[PDB]
Structures are given as C-alpha cells and as structure tokens.
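One structure is given here, and the rest of the page talks about it.
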Amino acid sequence: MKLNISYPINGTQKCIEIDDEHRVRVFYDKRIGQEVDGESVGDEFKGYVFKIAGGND
Amino acid sequence: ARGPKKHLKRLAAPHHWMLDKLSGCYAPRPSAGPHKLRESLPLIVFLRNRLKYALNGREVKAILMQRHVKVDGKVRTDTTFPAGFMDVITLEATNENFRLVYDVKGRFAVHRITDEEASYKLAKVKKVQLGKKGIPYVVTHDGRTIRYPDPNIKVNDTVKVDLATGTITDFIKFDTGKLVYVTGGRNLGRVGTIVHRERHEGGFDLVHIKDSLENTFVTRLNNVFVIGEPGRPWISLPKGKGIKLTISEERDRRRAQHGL
Amino acid sequence: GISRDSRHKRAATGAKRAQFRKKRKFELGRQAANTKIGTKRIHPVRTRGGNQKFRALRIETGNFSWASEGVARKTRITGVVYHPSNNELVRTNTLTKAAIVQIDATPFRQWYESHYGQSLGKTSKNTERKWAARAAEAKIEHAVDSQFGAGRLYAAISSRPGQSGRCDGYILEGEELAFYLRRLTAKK
RNA sequence: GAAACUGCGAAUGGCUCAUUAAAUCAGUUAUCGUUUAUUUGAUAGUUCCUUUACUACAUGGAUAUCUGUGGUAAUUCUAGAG
RNA sequence: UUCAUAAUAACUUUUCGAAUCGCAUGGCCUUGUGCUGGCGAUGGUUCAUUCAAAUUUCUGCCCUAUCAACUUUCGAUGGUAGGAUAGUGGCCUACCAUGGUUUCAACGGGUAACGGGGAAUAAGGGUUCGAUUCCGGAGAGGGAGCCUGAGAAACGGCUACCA
Ligand SMILES: [Mg+2]
Ligand SMILES: [Mg+2]
Ligand SMILES: [Mg+2]
Ligand SMILES: [Mg+2]
Ligand SMILES: [Mg+2]
Ligand SMILES: [Mg+2]
Ligand SMILES: [Mg+2]
Ligand SMILES: [Mg+2]
Ligand SMILES: [Mg+2]
Ligand SMILES: [Mg+2]
Ligand SMILES: [Mg+2]
Ligand SMILES: [Mg+2]
Ligand SMILES: [Mg+2]
Ligand SMILES: [Mg+2]
C-alpha cells in the first residue's frame, strides 16, 4: 500500500505507491516513534534512514 | 434562567420611560451601571422619545458616535447607558445641557439647564465605610464612590460632586427642616420640608414631608434625596417645582389657560 | 452529582416531595477531599465565580500556632491523632478541621531558642540584657513542655483542607488542651 | 487582509406546559448567609534578601494558520515532518 | 456582630504587583542621541455599584375520609462535631437524643393542574376559565452525568444508557 515519506530540511516529500508486499512487511508490528532502515523497505531506497511517526488505518 | 437576562420586553419596560405600547416588541434594557434597572433612564429613550433629536435608534447610535453627548463629564457611546436621577447630560452641539429630574407626575423631564450649574451633580449616601489602606470612603446611591470624605458626611446625607474632576464641593446634612426631593413611586418627584424621622428598628425609616402647600406625606428614607435647606434648593427644578396638585386643580389650570 | 438540594429530604412532616427539576449546578457539593499526610500535593478547582479553591491532597506540613507567645512556623505534621467527629479519619490518617494532631516541634524549639532561649524538655554582651528583660514571662502548661520534649505537640487544625489547600492549625493550650488529652487516653 | 489562535459571545431571545398541589407562583422580608464576567466608581515606591564587578534598552522554546507528505466507502475525521 | 478596619505570628505545591498594544513627537541641554513628558487601549487587586444569583420570612392553592393516621431499617425531627458548598443548612458523614406533622384535615390519591398577572360572565355576592403577547417557573425523545465558562447540571455543547 501507499507510503508517506517526508524530508525535514530541504522540504521535499513524495508519494511512493507500493504494490509489492515484501517491501511493506518491514513496518509490521512497530509503534509510532521509531527508526527504520532504507535497504529492507525497497531497491530504490538504499542507505536511507526513515523514522516511523504517523499513519492511518 | 441559566443566568442574567439580556433583553427587556416592552410591556415590562418600566413605566417612566413612557415607552410606547406598540412600535416594538422590546424595550431598550438599561445596561448595567450606576442606577437600578427601573430607576435609570437609557439614552435611546432620552434622545428619541423625550427630546426627539433622533427620529430612530440608528440616529441615536450615530449621535453617540459623533460624540458631543457627554453624560456626567465622560462621553458614552452606549445607547442604553443608565442615565439615572441627577445625571447631567450635556450635548455640546446646541449647548442643551440637561439634568435628569422627575416631573411631579413621576415620569422624568427635560430640564434645559444652564452652562454652568450643570457642572456639579448632587449625590446621596449609601456608605460611609472604610476600605484598604484604612481609607475612609463614601458612596452615592446615585452611582459613584468618592474617597476621603469629611468625617461628618453621614448616611442618607447628600453631597455635591465636582463631576468633571469628581471630588467633594460640599454636603447637606440630613435632619429636621431640610428641603427634600423624593424618588419613591407614588410620592415620586414631590418636594418638601421634613418634620419627623420615624426611626424604626429593621422595618425602614419613614419621613414626614410637608410641601409648599403643606399637604403632608410619608415615604421611606431610601426614596428621599436632600436637595437643600428650605427656600434654597441646590438644583434648578422644573415648572411645577415638586408641588403635585390635585386632579381637579390640574383640570382647572388647563381649561383656564387657553391662549391661542 | 452529590447535590445539596432541599428538594430531596422528603419534607418537614413526611410528604415525599416530588422531584421538581433535575438538580442544578448551583446546588452542588463535590467529592470529599479527606487529605492524608503522605507526599505534599494540591489540586485546585474552578468553583462558583471562577475562584481557585485549592483542594489539599496528602498534605504534609502546616503553620500551627501558639497562643501565649503568638507565633507559628513552617511546621511539619506527624499524624491524625484524634478526630472528634468520626474515628474513621484517625486510622486512615485523613487530616481535617478540628482534628487533634502532632507537631514536629523542632521549629517550635529553634524559634523558642531565640524568643527567650531558656530551652524546653528538661555569646554576646548586649543581648544578655534583652535575654534578661525577656524570659520568665510564660511558664507553659506542663503537657506542652513534655510534648516539646517529645518532639510532638498537640495541635487542632482549623483550616478547611478541602476548601483552603493550606493545612494551617492551632497548638492546644489550657482547658481544651486538658480536655482533648482525656479523650486521647479514653481512645487509647 | 483570506486564513487561523487569543479575546468575547453562543446560559440571550424563541418555543412549549410534561412534571409540579405549600412545590411552583404573588406580594412580603431577609443574605449580619453568599457568588457576581460585564457595569461604572476605586486603587498597589517594600518583587531585592547582606550591600566591592548584577539579563532588564526587553528571557525561553513550543504550537497553530501555512509548505507539502496522506489515508477514507463515509464526516464541518485530521497523522507525520519543516 | 466574632462588622468595617487595624495589629502581633507565620506559612503557602507563594496568587497579585504590566518582559502587552494604537495614535501624538513635546521639554531641558550636563550637545549625549542624553534624560525626560501627551492622548489613549486593554489587562490586572480586593472594596464599591449595576445586571443579577442562590437561598430564605410570613400568608395564600383545585377535588377526595370510597385516603386517619403518616415520617423514622435506606435522615424522619432535633443536637454536637466535622465533611462539602460561593455560602446557610440533615445538603452529606460520625456519635447521640426521640422527635416531627395530624380532624385548625397530617399522610395518601386524584387533577382532561404549570403559578400569577388576567379572561368571560356582569346590580351586590359570585362562578367558571387562564396552553396562550407580561412576570415567574419548569422542559428540551427520556432519565443520567459532566467540559468550558462570571453564569449551564446548557441540550441549535459533549459522554453514556434506554426509546
Ligand atoms: Mg429562556
Ligand atoms: Mg436590615
Ligand atoms: Mg471580620
Ligand atoms: Mg471579585
Ligand atoms: Mg457545620
Ligand atoms: Mg399538567
Ligand atoms: Mg389553575
Ligand atoms: Mg399562564
Ligand atoms: Mg395540556
Ligand atoms: Mg415565560
Ligand atoms: Mg418531540
Ligand atoms: Mg441535559
Ligand atoms: Mg437553548
Ligand atoms: Mg434544540
């Protein structure tokens, strides 16, 4: 499903629609207020460090 | 219900507005201020029904916004300020100053007062008390509190007030044989002398008050306002001068005086 | 919730007055504070006319006061020693108005060491005349002296600690002091 | 000057008569038994804490509207970052 | 009056005592940009007043004895203390006393009863009516509970349960 990625300093942010399920399975069973790695999320993201905060059912 | 009331319905409008039965569901509620709801007079009634300087409420509102109107020195932009008894209303355009004084009937009157005397406002007591910093202070039934009064300004005794500055010019004591104006329902706006003061423990102080014509009458103290000593009242009063004639007497004066 | 209605109470004779109107705010009376002595806490409450009316909660300390001298201090409380309404408030240790209580008494000593400086329980040249001019004024009423040595005087708090927030009270002296001691020996 | 926070107002008016029979309500008092924004009158050299080098000519970081990043089948639903 | 108010003693999860804003640009030179000062706004303290607010005094209701006793275990009546409340109080709690009302109708029931102002009728005395333009009181489908707020037990606020 969709993701809601947002860079602080630059102020540049984007839609990343994800149909592939393995990409989304990293975030499962985490809580709002944690850090995530770039590599396991996808092939386009590598070396990045996300921070899971926020979401919607 | 659920706290204070904001409207005032015209039939409930206190009669001495002489508000018109028709031409409005409501009356102007006299706003909060120095004088009690029914004992006040809101300016809309004053400027429109009485003086007719405005033809409607709109024009009164604007009249207050331009602002020559000055009730007791200060300006007011309030359409329904409680301009009560003694309240010196000065309109600087026209120079038509008015003190607020009761016609013998009871309903308030337009008294087209001098420059000049409309400059002090007579005012009663109320208190005598003291406040913080041990300051002795006096209060006027007719609104204001004045600090540091002469120790022998006692209760139900008048005080002349400088008005523009707001201090004490002078005071009239309350006692036997002193010209006294009246502000109580049936005897409202009569004038007389004072003979007795029935003391009464708890149940209201009474005062037996003979007019010029020497028709005696009684009131309560709270509804009595000492205008001076006999002969010289400190305020200029309207034609009639607190006499209050009989019904036939008024009918006599009207149908005698026919000057076309 | 807990209202103060004259509406309820059946009536003077018995006539179970019917429930005229749903009870109103202006009739209300909130939950009882029954403040303890266990870690100083206070919550305020928005009462009629705004008014922050501080509700004391587990209040430690209060300025309990002499009579003879005319003094009070930052004085620690110990416990609810006797409450003449209900003994329920003694064991639960809930502080309340007119409750007899024990006062740490160290501040009552430390200040007494200046005031007179004669000591209770058992330097500089011009002060010795102020020391001499003062003292032998109040001899103190025995129980208070022994309680001074105990480190535990008998006050009888007179603030309303659910209304006030402050837990400020009054050292017992003389007859009432002599009375509440008999009740403390009766209870114990 | 849109938007928004702050302020104030929305406890007024309006409708109705179910309850309710010493209750309501009318006059009568009282509050030396109380709250009262508003109202118009009043008004706070003492915050310092030893007194030979100290923020005061101005202390702090937030949060909204915004910038986008969005969800939903719906809704005067609003989550994250700057 | 234990009032106003003033003192001695302190406290206190030490309230308040403007790190606020728009128009006006004056007065002395120790010639700095110095020190100074007008007309207003809001705010802010308790005292006042007003709008009010809660209680409360007295007296006053329609029918029914085919309601003569009722209230008091589960506050009834009083007291002492507290608790609460803005505050008075059986308003609540403890301990105590046994009161309280009643044929001068207590209590109970009924009301196709909201109260009053008033209305119709209309010699006098009256009867019946008053949902309804004003004044009170209630209610917002029921019954509860509460947030904010000076003021709400708000419902063109919310929480819930029933319908
Ligand atoms: Mg209403
Ligand atoms: Mg009196
Ligand atoms: Mg006093
Ligand atoms: Mg106040
Ligand atoms: Mg009590
Ligand atoms: Mg009915
Ligand atoms: Mg009726
Ligand atoms: Mg009616
Ligand atoms: Mg009906
Ligand atoms: Mg009505
Ligand atoms: Mg309906
Ligand atoms: Mg409700
Ligand atoms: Mg409504
Ligand atoms: Mg509605």
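Residues are referred to by chain and number: the chain letter is A, B, ... according to the order shown in the structure tokens, the number counts from 1 in that chain, and ligands are numbered separately from 1 in the order shown.
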Residue neighbourhood residue 158 of chain E, 12 Å, only C-alpha atoms (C1' of nucleotides), exclusion window fewer than 4 positions, as a list in words: residues 145, 146, 147, 148 and 154 of chain E
Can you write out the residues you just picked, keeping C-alpha atoms (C1' of nucleotides), as a PDB file, in the first residue's frame?
ATOM      1  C1'   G E 145     -23.688  12.600  34.017  1.00  0.00           C
ATOM      2  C1'   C E 146     -20.464  16.375  33.222  1.00  0.00           C
ATOM      3  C1'   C E 147     -16.415  20.093  29.964  1.00  0.00           C
ATOM      4  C1'   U E 148     -15.759  25.190  29.144  1.00  0.00           C
ATOM      5  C1'   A E 154     -26.569  24.048  28.523  1.00  0.00           C
TER       6        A E 154
END
Proximal residues of chain C relative to chain D (only C-alpha atoms (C1' of nucleotides); 10 Å) as a PyMOL selection string: chain C and resi 7+17-21+26+47-51
So that I can see what lies close to residue 47 of chain A, please list as number ranges by chain the residues with an atom at most 8 Å from it, counting only C-alpha atoms (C1' of nucleotides) and leaving out residues fewer than 6 positions away in the same chain. A: 37-39
At a cut-off of 9 Å, which residues of chain D touch chain B? Count only C-alpha atoms (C1' of nucleotides) and give the answer as a PyMOL selection string. chain D and resi 11-13+38-43
Neighbouring residues of residue 105 of chain C were defined as those with any atom within 9 Å, considering only C-alpha atoms (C1' of nucleotides); residues of the same chain fewer than 2 positions away were excluded. Please report them as JSON, numbers by chain. {"C": [75, 76, 102, 103, 107, 108, 109, 110, 147, 148, 149, 150, 151, 152, 153]}
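Nearest to chain A of all the residues D:57, D:28, D:70, D:78 is D:70, counting only C-alpha atoms (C1' of nucleotides).
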I'd like a table as a Markdown table: residues in chain B with an atom no more than 9 Å from ligand 2, each row giving the shortest atom pair and its distance in Å to one decimal, only C-alpha atoms and all ligand atoms counted, sorted by chain and rising residue number.
| residue | atom | partner | partner_atom_place_in_ligand_line | distance |
| --- | --- | --- | --- | --- |
| B:201 | CA | ligand 2 | 1 (Mg) | 8.7 |
| B:202 | CA | ligand 2 | 1 (Mg) | 5.4 |
| B:203 | CA | ligand 2 | 1 (Mg) | 7.7 |
| B:204 | CA | ligand 2 | 1 (Mg) | 8.3 |
Pull the closest atom pair for each residue of chain D that gets at most 8 Å from chain A, along with the distance in Å to one decimal, counting only C-alpha atoms (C1' of nucleotides), ordering rows by chain and then ascending residue number, as JSON lines.
{"residue": "D:67", "atom": "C1'", "partner": "A:11", "partner_atom": "CA", "distance": 7.5}
{"residue": "D:68", "atom": "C1'", "partner": "A:13", "partner_atom": "CA", "distance": 6.8}
{"residue": "D:69", "atom": "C1'", "partner": "A:13", "partner_atom": "CA", "distance": 5.4}
{"residue": "D:70", "atom": "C1'", "partner": "A:4", "partner_atom": "CA", "distance": 6.1}
{"residue": "D:71", "atom": "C1'", "partner": "A:56", "partner_atom": "CA", "distance": 5.6}
{"residue": "D:79", "atom": "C1'", "partner": "A:54", "partner_atom": "CA", "distance": 4.9}
{"residue": "D:80", "atom": "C1'", "partner": "A:54", "partner_atom": "CA", "distance": 4.6}
{"residue": "D:81", "atom": "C1'", "partner": "A:8", "partner_atom": "CA", "distance": 5.4}
{"residue": "D:82", "atom": "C1'", "partner": "A:8", "partner_atom": "CA", "distance": 5.1}
Take the residues from that selection and write them out as a PDB file, in the first residue's frame, keeping C-alpha atoms (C1' of nucleotides).
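That gives us again.pdb:
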ATOM      1  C1'   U D  67       4.721  24.202   2.962  1.00  0.00           C
ATOM      2  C1'   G D  68       3.807  19.844   1.330  1.00  0.00           C
ATOM      3  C1'   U D  69       3.733  14.487   2.603  1.00  0.00           C
ATOM      4  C1'   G D  70      -1.520  11.350   3.040  1.00  0.00           C
ATOM      5  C1'   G D  71      -5.458   7.893   4.362  1.00  0.00           C
ATOM      6  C1'   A D  79      -1.385  11.802  11.450  1.00  0.00           C
ATOM      7  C1'   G D  80       3.637  12.817  10.410  1.00  0.00           C
ATOM      8  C1'   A D  81       7.972  16.326   9.256  1.00  0.00           C
ATOM      9  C1'   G D  82       9.657  21.612   8.193  1.00  0.00           C
TER      10        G D  82
END
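Coordinates place atom CA of residue 170 of chain B at a distance of 18.6 Å from atom CA of residue 224 of chain B.
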Pick out the residues no farther than 12 Å from ligand 11, counting only C-alpha atoms (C1' of nucleotides) and all ligand atoms, and list them as a PyMOL selection string. (chain D and resi 16+18) or (chain E and resi 139-142+163)
